[PDB]
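my_file_2.cif follows (mmCIF, C-alpha atoms and all ligand atoms):
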data_protein
loop_
_atom_site.label_atom_id
_atom_site.label_comp_id
_atom_site.auth_asym_id
_atom_site.auth_seq_id
_atom_site.Cartn_x
_atom_site.Cartn_y
_atom_site.Cartn_z
CA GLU A 3 -85.89 -285.20 162.02
CA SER A 4 -85.67 -281.39 161.93
CA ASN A 5 -84.06 -279.46 164.80
CA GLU A 6 -87.40 -277.91 165.81
CA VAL A 7 -88.95 -281.42 166.10
CA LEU A 8 -85.98 -282.89 168.03
CA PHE A 9 -85.71 -280.03 170.52
CA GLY A 10 -89.48 -280.41 171.06
CA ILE A 11 -89.01 -284.10 171.83
CA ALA A 12 -86.18 -283.31 174.26
CA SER A 13 -88.45 -280.90 176.19
CA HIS A 14 -90.58 -283.93 177.21
CA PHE A 15 -87.77 -285.42 179.28
CA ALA A 16 -86.23 -284.57 182.64
CA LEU A 17 -82.94 -283.25 181.27
CA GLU A 18 -80.55 -281.40 183.59
CA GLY A 19 -79.17 -278.75 181.26
CA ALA A 20 -80.17 -276.36 178.49
CA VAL A 21 -80.03 -278.19 175.13
CA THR A 22 -77.43 -276.85 172.68
CA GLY A 23 -77.66 -279.54 170.00
CA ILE A 24 -79.23 -282.83 168.98
CA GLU A 25 -77.28 -284.67 166.31
CA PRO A 26 -77.56 -288.11 164.68
CA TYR A 27 -75.08 -290.42 166.40
CA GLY A 28 -73.60 -293.89 166.15
CA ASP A 29 -73.40 -297.13 164.15
CA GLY A 30 -76.84 -298.54 165.15
CA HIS A 31 -79.02 -300.18 162.46
CA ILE A 32 -82.33 -300.49 164.28
CA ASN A 33 -83.42 -297.44 166.26
CA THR A 34 -82.63 -293.83 165.38
CA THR A 35 -80.05 -292.47 167.81
CA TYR A 36 -79.01 -288.88 168.60
CA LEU A 37 -76.46 -287.28 170.85
CA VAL A 38 -78.02 -284.50 172.98
CA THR A 39 -75.50 -281.86 174.00
CA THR A 40 -76.41 -279.40 176.77
CA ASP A 41 -74.67 -276.72 178.83
CA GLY A 42 -73.84 -279.60 181.20
CA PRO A 43 -74.57 -283.35 180.84
CA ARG A 44 -74.91 -285.34 177.62
CA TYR A 45 -77.74 -287.68 176.74
CA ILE A 46 -78.63 -290.28 174.15
CA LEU A 47 -82.05 -289.69 172.53
CA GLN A 48 -83.62 -292.57 170.58
CA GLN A 49 -86.66 -292.98 168.43
CA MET A 50 -87.63 -296.58 168.84
CA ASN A 51 -88.35 -298.53 165.67
CA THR A 52 -91.93 -299.68 166.14
CA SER A 53 -91.97 -301.67 162.92
CA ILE A 54 -89.38 -303.95 164.57
CA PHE A 55 -90.62 -303.49 168.17
CA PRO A 56 -94.36 -302.84 167.91
CA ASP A 57 -95.09 -303.57 171.59
CA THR A 58 -93.33 -300.52 173.09
CA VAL A 59 -94.88 -301.04 176.53
CA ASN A 60 -93.57 -304.60 176.87
CA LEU A 61 -90.13 -303.63 175.50
CA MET A 62 -89.78 -300.82 178.06
CA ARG A 63 -91.06 -303.07 180.84
CA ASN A 64 -88.17 -305.45 180.06
CA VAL A 65 -85.59 -302.66 179.85
CA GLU A 66 -86.86 -301.20 183.14
CA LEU A 67 -86.72 -304.60 184.87
CA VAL A 68 -83.23 -305.44 183.69
CA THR A 69 -81.75 -302.00 184.39
CA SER A 70 -83.44 -301.62 187.77
CA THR A 71 -82.19 -305.07 188.82
CA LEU A 72 -78.65 -304.06 187.84
CA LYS A 73 -78.98 -300.72 189.68
CA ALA A 74 -80.17 -302.58 192.78
CA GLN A 75 -76.89 -304.54 192.70
CA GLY A 76 -74.82 -301.34 192.38
CA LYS A 77 -73.86 -302.18 188.79
CA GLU A 78 -73.65 -299.55 186.08
CA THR A 79 -76.19 -299.93 183.27
CA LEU A 80 -78.36 -297.84 180.95
CA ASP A 81 -80.00 -295.08 183.03
CA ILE A 82 -83.42 -294.22 181.68
CA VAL A 83 -84.10 -290.51 181.95
CA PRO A 84 -87.82 -290.27 182.66
CA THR A 85 -90.26 -287.90 181.02
CA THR A 86 -91.06 -284.78 183.03
CA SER A 87 -94.13 -286.74 184.26
CA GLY A 88 -92.12 -289.78 185.39
CA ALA A 89 -92.79 -292.18 182.47
CA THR A 90 -89.97 -294.34 181.07
CA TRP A 91 -90.69 -293.20 177.49
CA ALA A 92 -92.90 -290.86 175.51
CA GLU A 93 -95.27 -291.31 172.60
CA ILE A 94 -95.06 -288.02 170.69
CA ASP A 95 -96.89 -287.39 167.41
CA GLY A 96 -96.98 -291.10 166.52
CA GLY A 97 -93.35 -291.83 167.49
CA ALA A 98 -91.95 -293.66 170.54
CA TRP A 99 -88.97 -291.94 172.18
CA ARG A 100 -86.65 -292.59 175.09
CA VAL A 101 -83.58 -291.01 176.68
CA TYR A 102 -80.57 -292.56 178.40
CA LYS A 103 -77.79 -290.80 180.31
CA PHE A 104 -74.66 -290.69 178.15
CA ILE A 105 -72.18 -293.16 179.63
CA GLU A 106 -69.05 -291.03 180.14
CA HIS A 107 -65.34 -291.83 179.88
CA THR A 108 -65.87 -294.83 177.61
CA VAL A 109 -64.59 -296.22 174.32
CA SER A 110 -66.09 -298.89 172.08
CA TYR A 111 -64.99 -300.92 169.10
CA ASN A 112 -66.44 -302.04 165.78
CA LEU A 113 -63.25 -304.01 165.23
CA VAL A 114 -60.99 -305.75 167.75
CA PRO A 115 -57.66 -303.89 167.96
CA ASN A 116 -55.95 -306.61 170.06
CA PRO A 117 -56.83 -309.93 171.79
CA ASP A 118 -56.98 -308.42 175.30
CA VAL A 119 -59.92 -306.22 174.28
CA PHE A 120 -61.81 -309.29 172.99
CA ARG A 121 -60.99 -311.33 176.10
CA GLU A 122 -62.52 -308.51 178.14
CA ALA A 123 -65.60 -308.69 175.88
CA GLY A 124 -65.83 -312.45 176.59
CA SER A 125 -65.64 -311.82 180.32
CA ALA A 126 -68.28 -309.09 180.11
CA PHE A 127 -70.88 -311.13 178.20
CA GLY A 128 -70.05 -314.24 180.23
CA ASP A 129 -70.71 -312.24 183.38
CA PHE A 130 -73.92 -310.89 181.87
CA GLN A 131 -75.14 -314.49 181.28
CA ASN A 132 -74.61 -315.16 185.01
CA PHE A 133 -76.55 -312.03 185.83
CA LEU A 134 -79.42 -312.96 183.49
CA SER A 135 -79.66 -316.42 185.10
CA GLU A 136 -81.26 -314.71 188.13
CA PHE A 137 -84.42 -314.21 186.03
CA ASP A 138 -86.81 -316.93 185.03
CA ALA A 139 -88.09 -316.91 181.44
CA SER A 140 -91.59 -315.72 182.44
CA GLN A 141 -90.32 -312.33 183.66
CA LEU A 142 -88.91 -311.24 180.30
CA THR A 143 -91.40 -311.63 177.44
CA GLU A 144 -90.04 -311.88 173.91
CA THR A 145 -89.79 -308.49 172.24
CA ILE A 146 -89.35 -310.13 168.84
CA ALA A 147 -90.75 -313.64 168.14
CA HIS A 148 -88.49 -316.31 166.56
CA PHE A 149 -85.56 -313.95 166.97
CA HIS A 150 -82.81 -316.57 166.74
CA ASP A 151 -85.03 -319.29 165.37
CA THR A 152 -82.77 -319.83 162.36
CA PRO A 153 -85.16 -322.18 160.52
CA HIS A 154 -87.85 -319.48 160.85
CA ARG A 155 -85.40 -316.90 159.53
CA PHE A 156 -84.75 -319.25 156.62
CA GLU A 157 -88.49 -319.38 155.86
CA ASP A 158 -88.41 -315.57 155.70
CA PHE A 159 -85.35 -315.67 153.43
CA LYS A 160 -87.00 -318.16 151.04
CA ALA A 161 -90.12 -315.96 150.84
CA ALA A 162 -87.99 -312.87 150.08
CA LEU A 163 -86.13 -314.87 147.45
CA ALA A 164 -89.27 -316.18 145.70
CA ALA A 165 -90.85 -312.73 145.65
CA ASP A 166 -87.64 -311.03 144.39
CA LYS A 167 -89.46 -307.67 144.68
CA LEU A 168 -86.70 -305.54 143.11
CA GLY A 169 -85.17 -308.00 140.64
CA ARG A 170 -82.03 -307.98 142.81
CA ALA A 171 -81.70 -311.78 142.92
CA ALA A 172 -80.05 -311.96 139.46
CA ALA A 173 -76.85 -310.29 140.70
CA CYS A 174 -76.44 -312.38 143.84
CA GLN A 175 -76.87 -316.04 142.89
CA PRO A 176 -73.64 -317.18 144.69
CA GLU A 177 -74.80 -315.56 147.91
CA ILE A 178 -78.34 -316.94 147.57
CA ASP A 179 -77.10 -320.46 146.83
CA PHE A 180 -74.75 -320.39 149.83
CA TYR A 181 -77.74 -319.96 152.15
CA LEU A 182 -79.92 -322.49 150.30
CA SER A 183 -77.19 -325.15 150.37
CA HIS A 184 -76.74 -324.84 154.15
CA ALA A 185 -80.44 -325.34 154.97
CA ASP A 186 -79.66 -328.62 156.72
CA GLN A 187 -77.56 -326.84 159.35
CA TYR A 188 -80.00 -324.24 160.70
CA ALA A 189 -82.06 -326.31 163.19
CA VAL A 190 -79.34 -327.66 165.52
CA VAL A 191 -79.91 -325.23 168.44
CA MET A 192 -83.70 -324.94 168.09
CA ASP A 193 -83.95 -328.75 168.00
CA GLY A 194 -81.84 -328.95 171.18
CA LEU A 195 -83.92 -326.33 172.96
CA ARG A 196 -87.13 -328.17 171.97
CA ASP A 197 -85.95 -331.58 173.21
CA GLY A 198 -84.25 -330.30 176.38
CA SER A 199 -80.69 -331.27 175.43
CA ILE A 200 -79.88 -327.52 175.36
CA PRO A 201 -80.98 -325.43 178.39
CA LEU A 202 -83.35 -322.51 177.84
CA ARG A 203 -81.64 -319.51 179.43
CA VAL A 204 -82.33 -315.77 179.55
CA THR A 205 -79.87 -314.27 177.06
CA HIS A 206 -78.88 -310.86 175.63
CA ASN A 207 -79.31 -311.91 171.98
CA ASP A 208 -77.30 -309.10 170.40
CA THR A 209 -73.77 -309.49 171.67
CA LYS A 210 -71.75 -307.66 169.02
CA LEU A 211 -68.61 -305.99 170.41
CA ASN A 212 -69.85 -302.42 170.05
CA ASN A 213 -72.55 -303.17 172.58
CA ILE A 214 -69.92 -303.10 175.31
CA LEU A 215 -68.68 -299.71 176.47
CA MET A 216 -65.21 -300.11 177.97
CA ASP A 217 -63.48 -297.63 180.30
CA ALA A 218 -61.15 -295.18 178.53
CA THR A 219 -58.58 -295.43 181.34
CA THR A 220 -58.77 -299.00 182.74
CA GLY A 221 -59.91 -300.85 179.63
CA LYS A 222 -62.48 -302.79 181.71
CA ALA A 223 -66.12 -303.25 180.61
CA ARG A 224 -68.25 -300.45 182.08
CA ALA A 225 -71.73 -301.31 180.80
CA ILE A 226 -73.55 -303.56 178.38
CA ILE A 227 -75.89 -301.55 176.19
CA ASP A 228 -78.47 -302.28 173.43
CA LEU A 229 -80.73 -304.15 175.88
CA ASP A 230 -83.81 -304.44 173.68
CA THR A 231 -83.49 -308.13 172.81
CA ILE A 232 -83.04 -309.64 176.30
CA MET A 233 -85.37 -312.69 176.28
CA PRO A 234 -85.18 -316.48 176.60
CA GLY A 235 -82.79 -318.30 174.28
CA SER A 236 -79.57 -320.32 174.36
CA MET A 237 -76.11 -319.29 175.60
CA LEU A 238 -75.03 -320.31 172.15
CA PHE A 239 -76.90 -317.33 170.65
CA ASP A 240 -74.80 -314.92 172.72
CA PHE A 241 -71.54 -316.75 172.17
CA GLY A 242 -72.03 -317.29 168.42
CA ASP A 243 -73.09 -313.73 167.71
CA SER A 244 -70.06 -312.37 169.58
CA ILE A 245 -67.75 -314.56 167.46
CA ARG A 246 -69.58 -313.50 164.27
CA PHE A 247 -68.86 -309.81 164.81
CA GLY A 248 -65.66 -309.81 166.84
CA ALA A 249 -63.57 -312.75 165.59
CA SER A 250 -63.44 -311.10 162.16
CA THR A 251 -60.36 -309.23 161.02
CA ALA A 252 -62.72 -306.79 159.25
CA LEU A 253 -65.79 -304.64 159.59
CA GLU A 254 -69.25 -306.12 159.05
CA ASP A 255 -69.54 -304.01 155.88
CA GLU A 256 -65.94 -304.24 154.60
CA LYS A 257 -66.07 -304.01 150.78
CA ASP A 258 -62.67 -305.66 150.29
CA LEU A 259 -63.15 -309.39 150.99
CA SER A 260 -59.39 -310.02 150.93
CA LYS A 261 -59.35 -308.19 154.30
CA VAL A 262 -62.07 -310.44 155.78
CA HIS A 263 -60.85 -313.44 157.82
CA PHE A 264 -61.94 -315.55 160.76
CA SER A 265 -59.27 -315.31 163.49
CA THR A 266 -58.80 -318.35 165.69
CA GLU A 267 -56.59 -316.18 167.92
CA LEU A 268 -59.57 -313.87 168.53
CA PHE A 269 -61.82 -316.89 168.89
CA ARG A 270 -59.49 -318.14 171.64
CA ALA A 271 -59.36 -314.77 173.45
CA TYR A 272 -63.15 -314.41 173.58
CA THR A 273 -63.63 -318.02 174.67
CA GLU A 274 -61.12 -317.68 177.51
CA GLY A 275 -63.04 -314.69 178.91
CA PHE A 276 -66.53 -316.15 178.30
CA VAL A 277 -65.93 -319.68 179.56
CA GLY A 278 -63.85 -318.18 182.41
CA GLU A 279 -67.13 -316.73 183.76
CA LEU A 280 -69.45 -319.61 182.86
CA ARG A 281 -67.30 -322.70 183.55
CA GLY A 282 -69.68 -323.64 186.39
CA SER A 283 -72.87 -323.67 184.33
CA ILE A 284 -71.91 -324.70 180.75
CA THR A 285 -73.23 -328.19 179.85
CA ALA A 286 -71.44 -330.83 177.76
CA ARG A 287 -73.80 -330.24 174.83
CA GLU A 288 -73.31 -326.45 174.97
CA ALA A 289 -69.51 -326.84 174.92
CA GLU A 290 -69.78 -329.25 171.98
CA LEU A 291 -71.71 -326.59 170.03
CA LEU A 292 -69.57 -323.53 170.87
CA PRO A 293 -67.58 -323.54 167.56
CA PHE A 294 -70.63 -324.23 165.39
CA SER A 295 -72.62 -321.51 167.16
CA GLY A 296 -70.29 -319.09 165.36
CA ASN A 297 -71.21 -320.59 161.97
CA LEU A 298 -74.89 -320.59 162.87
CA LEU A 299 -75.25 -317.01 164.04
CA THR A 300 -73.08 -315.74 161.19
CA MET A 301 -75.27 -317.62 158.66
CA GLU A 302 -78.43 -316.35 160.35
CA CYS A 303 -77.23 -312.74 160.34
CA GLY A 304 -75.89 -313.09 156.78
CA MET A 305 -79.17 -314.51 155.50
CA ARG A 306 -81.05 -311.70 157.18
CA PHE A 307 -78.84 -309.08 155.43
CA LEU A 308 -79.41 -310.80 152.08
CA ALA A 309 -83.19 -311.16 152.60
CA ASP A 310 -83.27 -307.44 153.45
CA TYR A 311 -81.29 -306.63 150.26
CA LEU A 312 -83.80 -308.69 148.23
CA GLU A 313 -86.71 -306.84 149.92
CA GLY A 314 -85.28 -303.37 149.30
CA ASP A 315 -83.70 -302.66 152.69
CA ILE A 316 -86.76 -302.41 154.91
CA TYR A 317 -85.17 -303.75 158.14
CA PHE A 318 -81.57 -302.58 158.58
CA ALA A 319 -80.46 -298.99 158.08
CA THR A 320 -78.18 -298.68 155.03
CA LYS A 321 -75.86 -295.97 153.62
CA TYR A 322 -76.04 -296.99 149.92
CA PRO A 323 -78.10 -299.28 147.62
CA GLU A 324 -75.81 -302.36 147.80
CA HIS A 325 -74.95 -302.05 151.52
CA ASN A 326 -76.79 -305.21 152.64
CA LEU A 327 -75.19 -307.24 149.85
CA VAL A 328 -71.79 -305.99 150.97
CA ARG A 329 -72.74 -307.06 154.53
CA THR A 330 -73.96 -310.55 153.53
CA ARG A 331 -70.68 -311.14 151.68
CA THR A 332 -68.52 -310.59 154.74
CA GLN A 333 -70.68 -313.07 156.72
CA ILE A 334 -70.30 -315.71 153.98
CA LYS A 335 -66.51 -315.25 153.81
CA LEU A 336 -66.35 -315.61 157.60
CA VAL A 337 -68.38 -318.83 157.55
CA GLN A 338 -66.21 -320.21 154.73
CA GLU A 339 -63.19 -319.76 157.02
CA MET A 340 -64.94 -321.05 160.17
CA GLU A 341 -65.68 -324.22 158.18
CA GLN A 342 -62.02 -324.54 157.20
CA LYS A 343 -60.89 -323.99 160.81
CA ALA A 344 -63.50 -326.20 162.52
CA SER A 345 -60.92 -328.71 163.89
CA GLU A 346 -58.82 -325.86 165.25
CA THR A 347 -61.73 -324.18 167.03
CA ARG A 348 -62.90 -327.51 168.48
CA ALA A 349 -59.39 -328.00 169.90
CA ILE A 350 -59.41 -324.46 171.34
CA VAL A 351 -62.68 -325.08 173.21
CA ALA A 352 -61.45 -328.47 174.52
CA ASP A 353 -58.19 -326.89 175.72
CA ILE A 354 -60.07 -324.09 177.52
CA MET A 355 -62.75 -326.38 179.03
CA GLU A 356 -60.00 -328.40 180.71
CA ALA A 357 -57.54 -325.66 181.77
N1 LIG A 401 -76.29 -294.71 177.10
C1 LIG A 401 -75.36 -294.53 176.15
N2 LIG A 401 -74.21 -293.83 176.36
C2 LIG A 401 -73.30 -293.63 175.40
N3 LIG A 401 -73.45 -294.12 174.15
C3 LIG A 401 -74.56 -294.83 173.83
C4 LIG A 401 -75.58 -295.10 174.83
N4 LIG A 401 -76.57 -295.82 174.24
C5 LIG A 401 -76.18 -295.97 172.94
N5 LIG A 401 -74.98 -295.41 172.73
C6 LIG A 401 -74.23 -295.32 171.45
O1 LIG A 401 -75.19 -295.28 170.38
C7 LIG A 401 -74.94 -296.40 169.50
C8 LIG A 401 -76.22 -297.02 168.98
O2 LIG A 401 -77.02 -297.46 170.07
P1 LIG A 401 -77.80 -298.87 170.05
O3 LIG A 401 -78.69 -298.90 171.29
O4 LIG A 401 -76.80 -299.98 169.84
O5 LIG A 401 -78.65 -298.64 168.71
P2 LIG A 401 -79.76 -299.61 168.00
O6 LIG A 401 -79.93 -299.06 166.65
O7 LIG A 401 -81.13 -299.57 168.81
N6 LIG A 401 -79.27 -301.27 167.96
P3 LIG A 401 -77.93 -301.84 167.01
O8 LIG A 401 -78.14 -301.70 165.42
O9 LIG A 401 -77.93 -303.40 167.40
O10 LIG A 401 -76.66 -301.18 167.42
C9 LIG A 401 -74.08 -297.35 170.32
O11 LIG A 401 -73.19 -298.12 169.51
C10 LIG A 401 -73.28 -296.46 171.22
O12 LIG A 401 -72.19 -295.89 170.49
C1 LIG A 402 -83.08 -306.14 166.87
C2 LIG A 402 -82.14 -306.57 165.77
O1 LIG A 402 -82.58 -307.05 164.73
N1 LIG A 402 -80.83 -306.38 166.00
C3 LIG A 402 -79.82 -306.66 164.97
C4 LIG A 402 -78.99 -307.92 165.30
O2 LIG A 402 -79.86 -309.04 165.43
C5 LIG A 402 -77.95 -308.15 164.19
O3 LIG A 402 -77.11 -309.26 164.49
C6 LIG A 402 -77.05 -306.91 164.05
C7 LIG A 402 -76.13 -306.97 162.85
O4 LIG A 402 -75.17 -305.92 162.99
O5 LIG A 402 -77.84 -305.75 163.85
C8 LIG A 402 -78.87 -305.46 164.81
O6 LIG A 402 -78.21 -305.17 166.05
#
Please lay out the structure from this file as structure tokens.
Ligand SMILES: Nc1ncnc2c1ncn2[C@@H]1O[C@H](COP(=O)(O)OP(=O)(O)NP(=O)(O)O)[C@@H](O)[C@H]1O
Ligand SMILES: CC(=O)N[C@@H]1[C@@H](O)[C@H](O)[C@@H](CO)O[C@@H]1O
Amino acid sequence: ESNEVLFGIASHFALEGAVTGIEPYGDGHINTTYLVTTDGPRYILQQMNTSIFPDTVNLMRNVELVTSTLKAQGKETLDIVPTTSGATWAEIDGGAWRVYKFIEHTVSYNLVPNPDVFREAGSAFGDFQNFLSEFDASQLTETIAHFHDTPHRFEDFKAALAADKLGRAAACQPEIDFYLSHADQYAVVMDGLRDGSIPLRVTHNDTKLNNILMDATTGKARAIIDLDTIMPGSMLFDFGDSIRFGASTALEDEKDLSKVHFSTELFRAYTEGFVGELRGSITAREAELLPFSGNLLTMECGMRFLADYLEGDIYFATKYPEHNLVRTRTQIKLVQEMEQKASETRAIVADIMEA
């Protein structure tokens, strides 16, 4: 948006300083995020993506419930800055906008620099699972249906493939055939949720590493952000998605595949932190599926990148025409290595579950 438009939006909110700038900020793919600089405090301004989250009222109800529950336990979280009339968000000229306080003195990572950082991530999301267990499913309505319903995602992928709107399929047959060949593997968690062998839990559902802000001095997790997808699911969605993003030796959009590897050392570090917090609640069946949850969420995310490529990049923000194909390729490479290391990761979980 133009400066005039953005400064107008900012005037709707109860900011505590004169605005000096509003500039696009961050590595988010979904909403449109801006850093608001003032003569004092900083803020994050977001235009919510209503094509992805059409029910803005229900989304903000969830975010308000979660954050207010955290605040009422004295725990740092996203602090909604209300409109000047007290609302949690504003509809302005056909757009939905919200503001959060900028969480100060933090660092975050798109790539794990050392195992200790990833262990801390495990602890943070493991702790968040315990926190979320205080809610029953009925209090937090789904903001996106079938969100980690991988067979449903696969139906969407197949439709995108058959349509082949842009004629992009010709150049990515190996990637396409990887997802088609693994069709048999996509239902394991959904089947377990449906038959009761996997507990339905309230989960975060987007547990990539850069959704944890860590303190710049202590290195400890300060807050979990990106709260839009909190809804019922399986623990395995949170665990798997964390491994997908954070157990890689490379960025999600690394162009050089020779740099992309699945690290069992990082897998171990995360699992130590995560299971360390959840040892009391994790069932036998959940533990059995911990390694495969990595494969599953990486395949789901990968297929979603490739479907989006085939559809002309309507879902995820991209920086260049082939960006989503570059992204799907890293996810495939990762899964190829998770398959190769399946015995090793099984052993890691068993070791941790005992000691
Ligand atoms: N309250 C905050 N304080 C400081 N930084 C923030 C805050 N909220 C968001 N950010 C930063 O802005 C980035 C994008 O925000 P986020 O809410 O993850 O965007 P999104 O597009 O809605 N979802 P995603 O594509 O999953 O990252 C984050 O990675 C952080 O760097
Ligand atoms: C609401 C939504 O679709 N969020 C997605 C998440 O599912 C996906 O795993 C990630 C990939 O980087 O990007 C976004 O955060």
Grab the atom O4 of ligand LIG 401 (chain A) to atom CA of residue 229 of chain A distance for me, in Å with one decimal place.
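Answer for the atom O4 of ligand LIG 401 (chain A) to atom CA of residue 229 of chain A separation: 8.3 Å.
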Any idea what's packed within 9 Å of residue 156 of chain A, counting only C-alpha atoms, ignoring anything in its chain fewer than 2 positions away? Could you give it as a CSV table (one decimal) with C-alpha atoms, in the frame of the given file?
chain,number,residue,atom,x,y,z
A,151,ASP,CA,-85.0,-319.3,165.4
A,152,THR,CA,-82.8,-319.8,162.4
A,153,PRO,CA,-85.2,-322.2,160.5
A,154,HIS,CA,-87.8,-319.5,160.8
A,158,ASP,CA,-88.4,-315.6,155.7
A,159,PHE,CA,-85.4,-315.7,153.4
A,160,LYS,CA,-87.0,-318.2,151.0
A,161,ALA,CA,-90.1,-316.0,150.8
A,181,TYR,CA,-77.7,-320.0,152.2
A,182,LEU,CA,-79.9,-322.5,150.3
A,185,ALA,CA,-80.4,-325.3,155.0
A,188,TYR,CA,-80.0,-324.2,160.7
A,302,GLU,CA,-78.4,-316.4,160.4
A,305,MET,CA,-79.2,-314.5,155.5
A,306,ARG,CA,-81.0,-311.7,157.2
Atom CA of residue 227 of chain A to atom CA of residue 340 of chain A, distance in Å rounded to a single decimal
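Atom CA of residue 340 of chain A lies at a distance of 27.5 Å from atom CA of residue 227 of chain A.
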Protein and nucleic acid residues within 9 Å of ligand LIG 402 (chain A) (all atoms listed in the file) as JSON, numbers by chain
{"A": [30, 31, 32, 33, 54, 55, 145, 146, 149, 150, 207, 208, 209, 210, 213, 228, 230, 231, 243, 246, 247, 254, 299, 300, 302, 303, 304, 306, 307, 317, 318, 329]}
One-decimal distance in Å that lies between atom CA of residue 301 of chain A and atom CA of residue 333 of chain A
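Atom-to-atom, atom CA of residue 333 of chain A to atom CA of residue 301 of chain A, that is 6.7 Å.
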Skip residue 315 of chain A itself and residues of its chain fewer than 3 positions away, then list as a PyMOL selection string all residues within 12 Å of it, counting all atoms listed in the file.
chain A and resi 31-32+162+167-168+170+306-312+318-327+329
Residues of chain A that have any atom at most 9 Å from an atom of ligand LIG 401 (chain A): could you tabulate them with the shortest-distance atom pair and the distance in Å to one decimal, using all atoms listed in the file, ordered by chain and increasing number, as JSON lines?
{"residue": "A:27", "atom": "CA", "partner": "A:LIG401", "partner_atom": "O1", "distance": 6.3}
{"residue": "A:28", "atom": "CA", "partner": "A:LIG401", "partner_atom": "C7", "distance": 4.4}
{"residue": "A:29", "atom": "CA", "partner": "A:LIG401", "partner_atom": "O11", "distance": 5.5}
{"residue": "A:30", "atom": "CA", "partner": "A:LIG401", "partner_atom": "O8", "distance": 3.4}
{"residue": "A:31", "atom": "CA", "partner": "A:LIG401", "partner_atom": "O8", "distance": 3.4}
{"residue": "A:32", "atom": "CA", "partner": "A:LIG401", "partner_atom": "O6", "distance": 3.7}
{"residue": "A:33", "atom": "CA", "partner": "A:LIG401", "partner_atom": "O6", "distance": 3.9}
{"residue": "A:34", "atom": "CA", "partner": "A:LIG401", "partner_atom": "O6", "distance": 6.0}
{"residue": "A:35", "atom": "CA", "partner": "A:LIG401", "partner_atom": "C8", "distance": 6.1}
{"residue": "A:36", "atom": "CA", "partner": "A:LIG401", "partner_atom": "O1", "distance": 7.7}
{"residue": "A:37", "atom": "CA", "partner": "A:LIG401", "partner_atom": "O1", "distance": 8.1}
{"residue": "A:44", "atom": "CA", "partner": "A:LIG401", "partner_atom": "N2", "distance": 8.6}
{"residue": "A:45", "atom": "CA", "partner": "A:LIG401", "partner_atom": "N2", "distance": 7.1}
{"residue": "A:46", "atom": "CA", "partner": "A:LIG401", "partner_atom": "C1", "distance": 5.7}
{"residue": "A:47", "atom": "CA", "partner": "A:LIG401", "partner_atom": "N4", "distance": 8.4}
{"residue": "A:48", "atom": "CA", "partner": "A:LIG401", "partner_atom": "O7", "distance": 7.6}
{"residue": "A:49", "atom": "CA", "partner": "A:LIG401", "partner_atom": "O7", "distance": 8.6}
{"residue": "A:50", "atom": "CA", "partner": "A:LIG401", "partner_atom": "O7", "distance": 7.2}
{"residue": "A:51", "atom": "CA", "partner": "A:LIG401", "partner_atom": "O7", "distance": 7.9}
{"residue": "A:79", "atom": "CA", "partner": "A:LIG401", "partner_atom": "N1", "distance": 8.1}
{"residue": "A:80", "atom": "CA", "partner": "A:LIG401", "partner_atom": "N1", "distance": 5.4}
{"residue": "A:81", "atom": "CA", "partner": "A:LIG401", "partner_atom": "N1", "distance": 7.0}
{"residue": "A:82", "atom": "CA", "partner": "A:LIG401", "partner_atom": "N1", "distance": 8.5}
{"residue": "A:101", "atom": "CA", "partner": "A:LIG401", "partner_atom": "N1", "distance": 8.2}
{"residue": "A:102", "atom": "CA", "partner": "A:LIG401", "partner_atom": "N1", "distance": 5.0}
{"residue": "A:103", "atom": "CA", "partner": "A:LIG401", "partner_atom": "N1", "distance": 5.3}
{"residue": "A:104", "atom": "CA", "partner": "A:LIG401", "partner_atom": "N2", "distance": 3.6}
{"residue": "A:105", "atom": "CA", "partner": "A:LIG401", "partner_atom": "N2", "distance": 3.9}
{"residue": "A:106", "atom": "CA", "partner": "A:LIG401", "partner_atom": "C2", "distance": 6.9}
{"residue": "A:108", "atom": "CA", "partner": "A:LIG401", "partner_atom": "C2", "distance": 7.8}
{"residue": "A:109", "atom": "CA", "partner": "A:LIG401", "partner_atom": "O12", "distance": 8.5}
{"residue": "A:110", "atom": "CA", "partner": "A:LIG401", "partner_atom": "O12", "distance": 7.0}
{"residue": "A:111", "atom": "CA", "partner": "A:LIG401", "partner_atom": "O11", "distance": 8.7}
{"residue": "A:112", "atom": "CA", "partner": "A:LIG401", "partner_atom": "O11", "distance": 8.7}
{"residue": "A:208", "atom": "CA", "partner": "A:LIG401", "partner_atom": "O9", "distance": 6.5}
{"residue": "A:209", "atom": "CA", "partner": "A:LIG401", "partner_atom": "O9", "distance": 8.5}
{"residue": "A:210", "atom": "CA", "partner": "A:LIG401", "partner_atom": "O9", "distance": 7.7}
{"residue": "A:212", "atom": "CA", "partner": "A:LIG401", "partner_atom": "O11", "distance": 5.5}
{"residue": "A:213", "atom": "CA", "partner": "A:LIG401", "partner_atom": "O11", "distance": 5.9}
{"residue": "A:214", "atom": "CA", "partner": "A:LIG401", "partner_atom": "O11", "distance": 8.3}
{"residue": "A:215", "atom": "CA", "partner": "A:LIG401", "partner_atom": "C10", "distance": 7.7}
{"residue": "A:225", "atom": "CA", "partner": "A:LIG401", "partner_atom": "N1", "distance": 8.8}
{"residue": "A:227", "atom": "CA", "partner": "A:LIG401", "partner_atom": "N4", "distance": 6.1}
{"residue": "A:228", "atom": "CA", "partner": "A:LIG401", "partner_atom": "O3", "distance": 4.0}
{"residue": "A:229", "atom": "CA", "partner": "A:LIG401", "partner_atom": "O3", "distance": 7.3}
{"residue": "A:230", "atom": "CA", "partner": "A:LIG401", "partner_atom": "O7", "distance": 7.4}
{"residue": "A:318", "atom": "CA", "partner": "A:LIG401", "partner_atom": "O8", "distance": 7.7}
{"residue": "A:319", "atom": "CA", "partner": "A:LIG401", "partner_atom": "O8", "distance": 8.2}
